[PDB]
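>>> coords below, sequence missing:
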RNA sequence: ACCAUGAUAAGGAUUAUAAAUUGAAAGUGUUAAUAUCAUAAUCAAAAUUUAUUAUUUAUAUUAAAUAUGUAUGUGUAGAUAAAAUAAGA
Ligand SMILES: [Zn+2]
Ligand SMILES: [Zn+2]
Ligand SMILES: [Zn+2]
């Protein structure tokens, strides 16, 4: 509806109470977490950033 | 290589399911029961909520 | 009032040893490989004493001419340890030196100060994890030639670790 | 020193592998759950006993995989990499962009490493979508940018 | 002589001066009225000598 | 291989610090019929506790408390509250006329070697790590348990009680180092 | 705190099969009630294993992390060990 | 550290020791300036009817200290080892207290003492515009003021590198410039005191005003010229780097002799025990405490008793 | 295990059910095994 | 680890001689009390994960009783859109 504050022309949430992970219809239309922001989090968030750009033995 | 949803994986779903029955014998898969098949051994499984 | 500095009339000579903070140095415990005395850990005291008998000695760094490190590998495959070398009598050393080791008269002359003193092969603690310090105190026969001081008692291969447990080895 | 104690680095490196194990089998665990929990027929080709035996064969294939990463993402998505301070995702003791805790975020601000602009603590910043509807309206705007602007084929 | 009475730190620090103990108790309604805070456990520090 | 002693072994770990290493001399339990065949490996006993068992263990408690009361004047006195971040560090009124500050560790660290017959769950009750964590100041602490990094506080002649804190810094320095101006 | 996202996770007669149980009865038993591969034996089983008829029929060892169930009965069949304790 | 010549670049252990100390970087991180955060205020350490001692602890990342003697009668202030990372509080403190900064005492010319000396004379000299501030130092420290630029390269103080030191300028003890007859703010510094190594209790003092005398004591060993400050009326000894709490100065730096430091520790045994020694680093102590519980002084007299002719005492791990 | 298997039925396909084929590598981010530890296919790690 | 941190409270002053403007609002100084563990030789509290007759505060459950006599808190919280029993001795 255009007379609401959070107006976006696409349906952001479907009106279904209890749309969980156990239903296989949700599983088919869900986005897999491949090459997402989690893939950036797994390879970049290191306690030492120099251990992600080279090896320490190779640099030394 | 497909990316994103499972709807874009046509061959990989086909390659999985043929491989699923390929390694699995039916002598193994018969022992898995559902919930209502286990509940039938109760003195009363079924009553209305 | 002017307070006097507390000194002593009789002070041992090792108390003049230098520390950069003028304090007691750190006593770092040894590695986890020295927990159980095995065949890899038995001959590390024999390794270091033969290293010091071949390296440079003194403030002028006098090089020892005879290399006693070549006789280390033929000592350990026999199974004789540095602690087992102190239990050998005079009759058993002449059999070991002529037949097995083929020690010359000048190489036996340099190894005999290590045998006549019965130096205990106990790895002392250091400030580092890798320690090359052995207790150079003279051993007594009551404590298995282990010198009986600082907890080096009758089976102690390494300071800070367990006994020998000779039933296993 | 030095930067972190090594017990915390071994802890977060197992969390990186749990992300990598999550990328390994999130496709296979999802497709095997969806067929074994479907009672409607899969196709015109496979119906009746061919469907029921295939769902039982895919269930023991799901159960025989020792080490299948079925853990959800939000269970340990609060691990800090610079310090050992453990926060909880959803509250103010965690920031989602730089992925550190509240204690680490202040020391990066007080240290001057990252580039952040300070706003008055009772406002909504400067993005008009956040000032309009709050956190939920900006939560829908990223969905409109990532997915819903594309006419999918 | 008590070492806390003659310690070095107790010259400029008032906290390191009293060799005492503390007892815990369930406070009454009088103490939570006069201190303005409801303390279900009250703290009484005491110095004793037997 | 540890021989029982009552003399603590003092290992000087630096200036003004040392290490007190003494061990609390474990005694065998009573040999009555309720201590016999006790299920130790289970840790989940459901055997019915008769009141004869509770009266036998009441007399064993009075025998064990009579033994621990003989060592009670040789114990320490916790005078400051202990801090607990893994280790437990408090201050003690010793029975020598000294104020020490020692640390108590949870795991076992012997005076000669780390090898022992106890677990971590045992030694946390033996060496008083569970004790000093749960007690506040004004209570007893055993002398038989080992204390690590004990530092003796410096002493002055005149009492620091009823001293003015509004002195200047260089005369408060002279007052605390026993050389007043 | 977020809604029901705590990391550290009761009898009712009309909600017996729907409280702390699966949504559907057509869904199979979980992985804890089956043997995955070659095992040397487990010291405990998990609390989300559904009690079956063979638990009360054979009754060799029931090890729940402890809890040792030596009372076999038919009223426990059809629900996991979370409601049994 | 030193000049990278041909044999230092072709040495493998120079590339190996820089890997052990600093990891994969190889370049030592310098000693930076303390920012406006994590900085404390100026404290009033001592108040006496003659003078006032005001100080600030840990004013550098060398963990050095900054002190000032305030004369009550003459309203004249004097800085001792003027090295503060922020000499703007010290200018506001003397401006709000109606004080006149006349001289700056320097025990020795290491980088823990003269790093912000040009900043001290510029900021405090600008406030007296709305007679300049003198520098009192010993000419044996001439070898350390030449290597002030070398010390700033190793400790990362690049902003104070290209600054000519005010004690290097032409004073009254130097020949004068013959300028063209067709500017004396930097050409001539009339207020400059050069202290002599022949320090006695008779005539080697500074008349601070209203009858207090600042006896400077030459005590080398940590540095070539090390001038302590002793106020016998107030039992205050500015040891500088000679004596700290439970430790003494370093000898592992150039022009630092261990046997000169032991003779410097022996020339303070005639002072009373209530003399509150005020070091350049760390906490202040008394001279009676260091005669009892300092191991460096205990080793100095133990070697003297057993017959060591050249007693060598000194630290290798500590303060610069 | 032999007393465990009475009330807990045994489904042991074997190790062949843990190795997905080469055609399912890009669907599983390059992996073929379903072990609890990760597996690299280079000889330098091996 | 016994450094000389830092927080609390209290009193002072300058400007409006316009009916215009959406909007007549902004900058600068002194005393008391409290308090001050970083140049040194270690170790897993709640680094930290999990479970059992048992210790709480909360979570909801949770009832009788007119024969007489009867049962007043401090606090915890949300956004914030009323106002003169006390002596400028
Ligand atoms: Zn020895
Ligand atoms: Zn210096
Ligand atoms: Zn210095």
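Okay, I see it. Residues are numbered from 1 along each chain as shown, chains lettered A, B, ... in the order given. Ligands and ions are numbered 1, 2, ... in the order given.

>>> All the helices of chain E, in order from the start?
With helices called from DSSP state H, chain E shows them at E:29-34.

>>> Then the stretch 151-300 of chain H?
Applying DSSP state H, counting those that start in this stretch to the stretch 151-300 of chain H gives helices spanning H:184-187, H:258-266, H:287-293, H:295-306.

>>> which of those sits most buried?
helix H:287-293 (a mean of 22; mean count of other CB atoms under 10 Å in any protein chain shown). (Each C-beta comes from the backbone N, C-alpha and C, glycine too.)

>>> what does chain G put close to RNA strand J?
Neighbours of RNA strand J within chain G, by CB under 7 Å from any atom of the strand: G:7, G:8, G:9, G:47, G:64, G:65, G:66, G:67, G:85.

>>> and if we set it to 10 Å?
Contact residues (CB under 10 Å from any atom of the strand) of chain G with RNA strand J: G:6-9, G:44, G:46-47, G:64-68, G:81-82, G:85.

>>> Quick check: phi and psi on residue D:130?
The phi and psi values for residue D:130, taken as degrees, to the nearest 10, are phi -80, psi -40.

>>> Residue H:141 in helix, strand or coil?
Residue H:141 falls in the helix class when you classify it by DSSP: H, G, I helix; E, B strand; the rest coil.

>>> Nearest spatial neighbour of it, chain-adjacent residues omitted?
In this structure, residue H:141 finds its nearest non-sequential neighbour in residue H:109, 3.8 Å apart by CB to CB, 6 or more residues apart in numbering or on different chains.

>>> and that neighbour, how many neighbours?
A total of 28 residues lie near residue H:109 under the criterion other CB atoms under 10 Å in any protein chain shown.

>>> Next one: it relative to residue H:135, how far apart?
Per CB to CB, to the nearest Å, residue H:109 is found 10 Å from residue H:135.

>>> joint contacts of the two?
When contacts are counted by CB atoms under 8 Å, 6 or more residues apart in numbering or on different chains, residue H:109 and residue H:135 are jointly contacted by residue H:167.

>>> Tell me how far the most centrally placed residue in chain I lies from chain H.
For chain I, the residue nearest the mean C-alpha position is residue I:18 (2.6 Å; CA atoms, centre = their mean). As defined by CB to the nearest CB, to the nearest Å, residue I:18 lies at a distance of 40 Å from chain H.

>>> residues contacting that residue?
When contacts are counted by CB under 8 Å, 6+ apart, residue I:18 touches D:64, D:65, D:66, I:33, I:34, I:35.

>>> What of residue H:161?
H:149, H:152, H:153.

>>> quick one: which of those has the most company?
Neighbour-wise, the contacts of residue H:161 (other CB under 10 Å) top out at residue H:152, 20 neighbours.

>>> And the helices in the chain?
I'll assume chain A. Per DSSP H, chain A carries helices over the ranges A:24-28, A:37-44, A:50-53, A:56-59.

>>> The intended chain is chain C.
Secondary structure of chain C (DSSP H): helices at C:39-42, C:44-52, C:73-76, C:82-86, C:90-95, C:105-116.

>>> looking at those helices, which is buried most?
Of those, helix C:82-86 is the most buried (mean count of other CB under 10 Å), at a mean of 20.

>>> before we move on, the earlier item: export the helices of chain A as JSON lines, with columns for mean neighbour count.
As requested, the helices of chain A are arranged in JSON lines below (neighbours: other CB atoms under 10 Å in any protein chain shown):
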{"stretch": "helix A:24-28", "mean neighbour count": "15"}
{"stretch": "helix A:37-44", "mean neighbour count": "14"}
{"stretch": "helix A:50-53", "mean neighbour count": "11"}
{"stretch": "helix A:56-59", "mean neighbour count": "8"}
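
>>> Which among these is found nearest to residue D:146?
When the helices of chain A are compared by CB to CB, helix A:37-44 sits nearest residue D:146, at 10.2 Å.

>>> Give the closest residue to residue F:157 in space, chain neighbours not counted.
Using CB to CB, 6+ apart, the closest residue to residue F:157 is residue F:178 (6.2 Å).

>>> hmm, back to that, got the helices of chain C as CSV, with distance to chain H columns?
Formatted as CSV, these follow (distance: least, CB to the nearest CB, whole Å):
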stretch, distance to chain H
helix C:39-42, 28
helix C:44-52, 21
helix C:73-76, 30
helix C:82-86, 32
helix C:90-95, 42
helix C:105-116, 30
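
>>> Now tabulate these in JSON lines and tack on distance to ligand 3.
Shown next, in JSON lines, are those (distance: least, CB to the ion, whole Å):
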{"stretch": "helix C:39-42", "distance to ligand 3": "48"}
{"stretch": "helix C:44-52", "distance to ligand 3": "41"}
{"stretch": "helix C:73-76", "distance to ligand 3": "54"}
{"stretch": "helix C:82-86", "distance to ligand 3": "50"}
{"stretch": "helix C:90-95", "distance to ligand 3": "60"}
{"stretch": "helix C:105-116", "distance to ligand 3": "48"}
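
>>> got the contact list for residue 9?
Going with chain A. Going by CB under 8 Å, 6+ apart, residue A:9 touches no other residue.

>>> That was the other one, I meant chain D.
residue A:47.

>>> Fine by me, we can end here.
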